[PDB]
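Q: Here is my input; please provide its structure:
(6 chains)
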Amino acid sequence: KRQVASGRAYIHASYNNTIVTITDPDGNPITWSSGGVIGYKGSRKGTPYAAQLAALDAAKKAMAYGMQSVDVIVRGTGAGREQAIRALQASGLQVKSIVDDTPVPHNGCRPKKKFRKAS
Amino acid sequence: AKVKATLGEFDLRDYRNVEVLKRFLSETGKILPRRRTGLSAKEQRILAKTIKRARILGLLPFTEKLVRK
Amino acid sequence: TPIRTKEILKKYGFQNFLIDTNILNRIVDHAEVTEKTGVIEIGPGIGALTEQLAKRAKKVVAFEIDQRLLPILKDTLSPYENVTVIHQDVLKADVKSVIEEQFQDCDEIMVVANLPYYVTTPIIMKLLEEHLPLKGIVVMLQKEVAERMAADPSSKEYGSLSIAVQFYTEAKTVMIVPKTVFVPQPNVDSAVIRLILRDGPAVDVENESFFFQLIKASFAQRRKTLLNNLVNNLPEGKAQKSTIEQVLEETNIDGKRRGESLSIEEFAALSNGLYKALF
Amino acid sequence: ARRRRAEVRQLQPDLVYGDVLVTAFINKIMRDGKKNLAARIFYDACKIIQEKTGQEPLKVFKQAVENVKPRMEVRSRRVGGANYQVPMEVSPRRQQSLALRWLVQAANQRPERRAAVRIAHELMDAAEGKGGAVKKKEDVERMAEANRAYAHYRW
RNA sequence: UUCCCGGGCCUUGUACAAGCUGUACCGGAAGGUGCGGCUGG
RNA sequence: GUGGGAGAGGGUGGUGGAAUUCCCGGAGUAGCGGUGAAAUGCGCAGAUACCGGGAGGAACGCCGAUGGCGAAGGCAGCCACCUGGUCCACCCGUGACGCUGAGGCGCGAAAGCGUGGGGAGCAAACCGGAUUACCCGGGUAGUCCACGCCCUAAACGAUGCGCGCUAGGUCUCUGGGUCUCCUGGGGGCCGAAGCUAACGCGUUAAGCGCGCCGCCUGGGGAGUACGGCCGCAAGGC
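A: Residues are numbered from 1 along each chain as shown, chains lettered A, B, ... in the order given. See below for the structure:
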């Protein structure tokens, strides 16, 4: 439909889930997939295998909208990071750049109790 | 190696000399430790102050993106 | 029995115990049970208390909630005949019916229990809520809590439990249990307290809902001026501030008084005052 | 076994055909130390196979065995108080063991009266690519690859 | 050799005839939690 | 006195970016979140993930250290102003002007209180979900600012302050010189003599001495009782 043929991918990698969002150069998302969309529920969503299937599914959909190559941006440090990158790399899209964009505070808001105690 | 060794003579207090200051920042716009810069503490202190100053002036990046896996 | 405890546990392949003898008699001594008075026990456990209780008890009803401990109740209480076990949770049961049924022939009942403290307070509160015609209650209930149950109107104990019980019954600390008597030392001291019910409420029954609501409101921020407590916690009350200032005058209660320093009589007066004046 | 590697016993090769796989299969049949009975049963089954099928019984048996060799197994593993069926690759040794055991069990579960008949039928069916043995192999494989989520527990 | 049981070794807290603490609460206190501090782990 | 040096020492103004939350606009659809595993919860009134703009509060990543400063408490973005302490060199000036210190006076983390603001995140009490606490989702005080109270601690190096003498070795922060080295002041480890019940201390003494202050006299009852002083109260002495 859009027939952009060249976009980018945002891989939000969490400890509980991985979400892959394909988007135009302009940043407007075109399609998305996650661990839950495949059919996994609970902890299974966090597994690297879930990340692989999420990446493959999102890529297949994006191809259906006619993309050919993306520029992958990865956020977070979950368990599906490398697996998702690898899955998207060989999915058929010609990935050009891989960029780490983990958003970290400059000692801003106070974290939750579980994440405190840090020196 | 060391950043100091990989450099000629320069001033540490020059908060506009971007071409030399950029040498003391990592891939991400972060100040390198003495382990890497190879400076004495006084030197490191002055350098960090200058880096922060140049950051404010917008010449040096606060943060950026590493182009790798 | 310290020597017999190990034998009984091992004989079945098997948690805090009053292993020692003299004090188990003292607690029922304070409980004042005779051939004239029956007993409802909710925490019989192995039946250590039940044996020495039934040695001088009119009627014995015991509540066990776990049937894992059930097989050992009968054979450990073989000689005794007064024992009747209702394998029912007292909270989920209807104690009124059991009062009407088992102790119909018997004269009076005074509840004596020894149960974990995380279960204690809700049970006592329920037994008080439904206005059962029973004489009294005797429980050892984590001394630091018992003091709050008694809690003269100051000294970091007078809270909201104090007002509830003193509105329902009388309370006073009866006995202190020295630590380490239990085989596992509980790192904390316990106290046997007794509650004795009364004929009707201590003070005005004008509005139970609003009375308890005011009690809860005045003790939300304990460290705070009572006026501040009311303007904060009481529903809206921000726009009704002037009303509160008005009513506090004629009740002869000062605004800056730290409600933790009030009596049940004063609380009842304020409950009547605000109601029919606030709205 | 905490120290050693527990070296596998070397079985004496068959006398009729002179191969070790037949010996293993005979052993897998033999119960209560009756080996002569197992040998007679196996040879009767082989005769049946030969009589009702074009090629030699040995090829039929061998390729049936090769046809009933699984590759993915699920093993019970304890992680965080939870039981997970981790997928693993099975070595040729375990492959052969499972193959023979499953073949025997499937043969013994058939409704045919005579043991020789059952053995022959199971071998022929597993040769074709059907029967209890192949079905159990397929179920074992599908129990894996359906829980590949846990494969990262390398185990 | 991850888990079940038992034995031995190295390192570690209680008894042999991870805690603690100031303060503030606690109507699921055999004690818990919030904000700080200490190692006397 | 003159010349110079280092520093999250303190107060008052002012601005820089990252991040969380929320609001608006765009694009897109079925889950998101959370756990040991799940549930409560949020979402078809369009949630999550993405891009752009705006609002507000709080804290300052990398450097950052076994580092530095202060009498202790304690003190980290950056700029400016005002201001305290301290070190070194020259050996210029006064000529014992010194040390300690019962009372007094001032300062004093956190948690609390009063009078007004403020409120993004977190979070006692409380409300729900799983499984006795624990853990999960919400949530008032509080955490922040101004002024005025409170005056406590594992307020600790569990070591009062000053001065002199008694082997060294090594690491480090910061001055001076005649710069391989030498000479000051801080912070750490290992160790002579010595001390200690032992552990251990050991030029930063818990060694050897002198001066002044504080405190101890078996445990529990008990920091309780009464009295007095202070506090709005909790409570403190």
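Q: helix, strand or coil for the closest residue in space to residue D:56 that isn't next to it in sequence?
A: Distance criterion CB to CB, 6 or more residues apart in numbering or on different chains; nearest residue to residue D:56, sequence neighbours excluded, is residue D:50 at 6.7 Å. Quick note: C-beta positions are derived from backbone N, CA and C, even for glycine. With DSSP: H, G, I helix; E, B strand; the rest coil as the basis, residue D:50 sits in helix.
Q: ditto for residue D:22
A: Residue D:22 is classified as helix under three-state DSSP.
Q: Now it: closest residue in space, sequence neighbours ignored.
A: Using CB to CB, 6+ apart, the closest residue to residue D:22 is residue D:14 (4.2 Å).
Q: wouldn't the residue nearest to residue D:56 be in contact with residue D:59 here?
A: No: with contacts counted by CB atoms under 8 Å, residue D:50 stays clear of residue D:59, the gap being 10.5 Å.
Q: Between the two, which has more neighbouring residues?
A: Using other CB atoms under 10 Å in any protein chain shown, the more surrounded residue of residue D:50 and residue D:59 is residue D:50, with 15 against 12.
Q: What is the neighbour count of the residue in chain B that chain D sits nearest to?
A: Residue of chain B nearest chain D, by CB to the nearest CB: residue B:69 (18.4 Å). Using other CB under 10 Å, residue B:69 has 11 other residues around it.
Q: can you check residue D:152 too?
A: 13.
Q: And residue A:72, by the same measure?
A: 21.
Q: got the CA positions of stretch D:6-17 in CSV?
A: Output in CSV follows, covering the C-alpha atoms of stretch D:6-17 (Å, rounded to 0.1, in the frame of the first residue of the first chain):
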residue,chain,number,x,y,z
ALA,D,6,31.0,-46.2,31.3
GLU,D,7,32.4,-47.8,28.2
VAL,D,8,29.7,-49.6,26.1
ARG,D,9,29.6,-53.5,26.1
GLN,D,10,30.7,-55.0,22.8
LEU,D,11,28.0,-57.5,21.7
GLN,D,12,28.9,-60.7,19.8
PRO,D,13,27.9,-60.4,16.1
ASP,D,14,25.0,-62.5,14.9
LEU,D,15,25.7,-66.0,13.4
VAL,D,16,23.0,-66.1,10.7
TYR,D,17,23.7,-62.7,9.3
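Q: middle-most residue in chain B, spatially?
A: For chain B, the residue nearest the mean C-alpha position is residue B:24 (2.8 Å; CA atoms, centre = their mean).
Q: just checking, it touches residue B:34?
A: No: contact criterion CB under 8 Å: residue B:24 and residue B:34 do not qualify, at 10.8 Å.
Q: just to revisit the earlier point, which residues touch the residue nearest to the centre of chain B?
A: Listed by CB atoms under 8 Å, 6 or more residues apart in numbering or on different chains, the contact partners of residue B:24 are B:3, B:31-32, B:37, B:47, B:51.
Q: any idea how far the residue of chain D found nearest chain B is from residue C:148?
A: Taking CB to the nearest CB, chain B has its nearest neighbour within chain D at residue D:152, 18.4 Å off. Distance, residue D:152 to residue C:148, by CB to CB, to the nearest Å: 53 Å.
Q: Residue D:134 too?
A: Taken as CB to CB, the span from residue D:134 to residue C:148 is 73 Å.
Q: which residues in chain B form helices?
A: Listed in chain order, the helices of chain B (DSSP state H) span B:18-21, B:34-37, B:41-57.
Q: so how far is residue C:271 from residue C:240?
A: Taken as CB to CB, the span from residue C:240 to residue C:271 is 16 Å.
Q: Does the residue of chain B closest to chain D touch residue A:98 like I think?
A: Yes: using CB under 8 Å, residue B:69 is in contact with residue A:98, at 5.8 Å.
Q: what touches both of these two?
A: residue A:85.
Q: so what does the helix or strand encompassing residue C:148 touch, helix or strand wise?
A: Using DSSP states H and E, residue C:148 maps to helix C:143-150. Counting contacts by 3 or more CB pairs under 8 Å, 6 or more residues apart in numbering or on different chains; DSSP states H and E, helix C:143-150 is packed against helix C:117-129, helix C:161-168, strand C:169-177, strand C:190-197.
Q: ok, and what's touching the third one?
A: Put plainly, it is strand C:169-177. C:23, C:26-27, C:30, C:128, C:137-138, C:140, C:143, C:146-147, C:149-150, C:165, C:189-198.
Q: Okay, now the sheet partners of it, with direction.
A: strand C:190-197 (antiparallel) (DSSP bridges).
Q: Give me the distance between the partner strand and the centre of its chain.
A: 7 Å (CA atoms, centre = their mean, to the nearest Å).
Q: Kindly report the same for stretch D:116-127.
A: For stretch D:116-127, the distance to the chain centre is 13 Å (CA atoms, centre = their mean).
Q: Let's have the helices of chain B in CSV, adding mean neighbour count and distance to chain D.
A: Converted to CSV, the helices of chain B look like this (neighbours: other CB atoms under 10 Å in any protein chain shown; distance: least, CB to the nearest CB, whole Å):
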stretch, mean neighbour count, distance to chain D
helix B:18-21, 14, 44
helix B:34-37, 14, 34
helix B:41-57, 15, 41
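Q: Kind regards, and thank you for your time.
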